[PDB]
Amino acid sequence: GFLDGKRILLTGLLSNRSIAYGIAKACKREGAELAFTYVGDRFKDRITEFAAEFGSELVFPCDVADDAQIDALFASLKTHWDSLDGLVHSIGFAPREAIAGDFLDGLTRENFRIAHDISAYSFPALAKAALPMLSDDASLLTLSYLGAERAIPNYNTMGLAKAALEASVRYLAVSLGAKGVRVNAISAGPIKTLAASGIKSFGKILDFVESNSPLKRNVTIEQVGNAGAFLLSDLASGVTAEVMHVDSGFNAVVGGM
């Protein structure tokens, strides 16, 4: 496959519905060797199974809120892999209040700090911590959402962080690209995943896009996973600092009229 010999660290694989699960299947399929992270001791067993399913014995803890774990993630990885060709950042969080109802109502300095810390800062933080071992055709990929570009009901504080995240893709690409390292994002259309629970009326968004996207259908983690593999691969070697919509075209229309 077009990822033969590529060694790719994936984060955010929490369930088989996860976007990262999709990216993993697509990568493994194309010849990639994978490793995975998890948050807390209580998820260690699940990700070990997941990693086994992709033929991997490489799982490592990493609460991205904690500098020590970030630094130790690559300290550990270093002992198994010589270098890294791919980093998937499929992580986010915002306090429930902050992604529910009115934007101002769920706004506190703490909520803001947390959403940005976890969803935005973590991407270039991992990149910095990975830099020593990154190869010269290495490739970083994060996940964004249209809520960064335009205001979307309930997405609120998360929208702001996603804006910062997408800017981080551009600054990262300039900072790492001299080393041959590419940095990109996929702005995925809505997918029913665990994190999607914290979005009030996700179902409404889901129906709206199935009704209004140009392809008249929602995207699957297989579709996003396929695009991710591409971006992670040398097929996308001319592509960096890009935010790629994989949302059946929804971003490009004014629907509902």
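Don't overthink the numbering: it's just position in the shown sequence, from 1. Rigid core here is just the name for the largest C-alpha set that superposes within 1.5 Å across the two forms.
For 190 to 198 versus 204 to 212, the mean Cα distance to the shown form in 8 other deposited structures of this protein after rigid core alignment is larger for 190 to 198. As listed in the deposited structure, the average C-alpha B-factor of 148 to 156 and of 101 to 109 is greater for 101 to 109. The deposited model assigns a higher average Cα B-factor to 69 to 77 than to the other stretch when 69 to 77 and 181 to 189 are compared. Taking only the listed residues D41, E33, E30, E222, the entry reports the highest CA temperature factor at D41. Within the group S122, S83, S90, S168, the record's highest C-alpha temperature factor is found at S83.
The PDB entry assigns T37 a C-alpha temperature factor belonging to the lowest third of its chain's modelled residues.
Remark: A26 belongs to the lowest third of its chain, ranked by C-alpha B-factor as recorded.
In the deposited entry, the Cα temperature factor of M133 places it in the highest third of its chain's modelled residues. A94: CA B factor lies in the highest third for its chain, per the PDB record.
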